[PDB]
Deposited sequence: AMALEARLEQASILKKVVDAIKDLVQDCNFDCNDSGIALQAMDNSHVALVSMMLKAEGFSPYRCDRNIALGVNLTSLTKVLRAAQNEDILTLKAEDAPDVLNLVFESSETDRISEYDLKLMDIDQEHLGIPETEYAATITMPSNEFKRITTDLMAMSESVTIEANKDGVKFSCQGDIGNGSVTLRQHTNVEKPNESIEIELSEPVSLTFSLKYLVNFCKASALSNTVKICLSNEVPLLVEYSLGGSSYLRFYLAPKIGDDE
């Protein structure tokens, strides 16, 4: 019914790793389109939204719509047995009791049957290196619980205040021709100034292994979106409402 092959297991390892600290139990929703996940975190503050599109697999088949009820601690114990370069295959039958995972290298075949659970179901956009976003959130987290994010045409300022004093980091808008991976770009219709939990943003930044660039999407009316491309139109997205 479901049969989905990744040429490399890396992507699914990294996704689950990026998410297991926020989400324990979730559903992997599989259809014609690919494999999606929508989950609030354990404290019901951050939204997690993932899509692996069918074109990300080679091949991808999902006859019928299948929700795979999965504990991500359980799932991590199985994916650790997968090497990054292992061919990974997911197999499932209709209303499955288990999900079947196979890892193929060196004439080695690993096969796991994971027991499934019953689980109930912008004003400014910043494109920058994900490592840089991770380093800033991590650094300011040592100083403050909260960070203020100011965007305008010219650059982005992350600012905070704590016991020991206060800190800012300012990244000016910059197209890097020789190394585009390093560019700071700011598509923006209106300057914005919004305050957020660093704890959640640092959790979001665990996903910097997936993409060397991150999209930070700011609105005065809807949650912050932090977004990592998984290839083509596949994505891992995090939503966090500003502190009001």
Missing CA stretches, deposited numbering from 1, N-terminus first: 1-2, 108-109, 126-134, 258-261
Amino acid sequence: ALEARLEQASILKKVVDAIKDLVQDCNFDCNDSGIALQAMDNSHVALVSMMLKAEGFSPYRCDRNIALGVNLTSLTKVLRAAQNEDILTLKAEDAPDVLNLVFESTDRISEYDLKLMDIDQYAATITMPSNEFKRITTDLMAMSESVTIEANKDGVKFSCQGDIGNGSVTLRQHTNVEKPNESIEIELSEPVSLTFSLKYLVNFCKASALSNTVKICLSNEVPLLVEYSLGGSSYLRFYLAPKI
From here on, numbers count along this sequence of modelled residues.
Gap at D154 across at least one third of the other PDB entries: yes
Missing coords for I136 in a third or more of other PDB entries: no
Between 175-183 and 52-60 (mean CA B-factor, as deposited), the higher: 175-183
Which of 67-75 and 149-157 has higher mean CA B factor, as the PDB entry lists it: 149-157
Out of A82, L140, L90, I119, residue topping the C-alpha B-factor column of the entry: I119
Ranked against its chain, the third holding the CA B-factor of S233: middle
Lowest, middle or highest third - CA B-factor, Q38: lowest
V23 CA temperature factor, ranked by third within the chain: middle
Relative C-alpha B-factor of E221, binned into the chain's lowest, middle or highest third: highest
Relative C-alpha B-factor of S105, binned into the chain's lowest, middle or highest third: highest
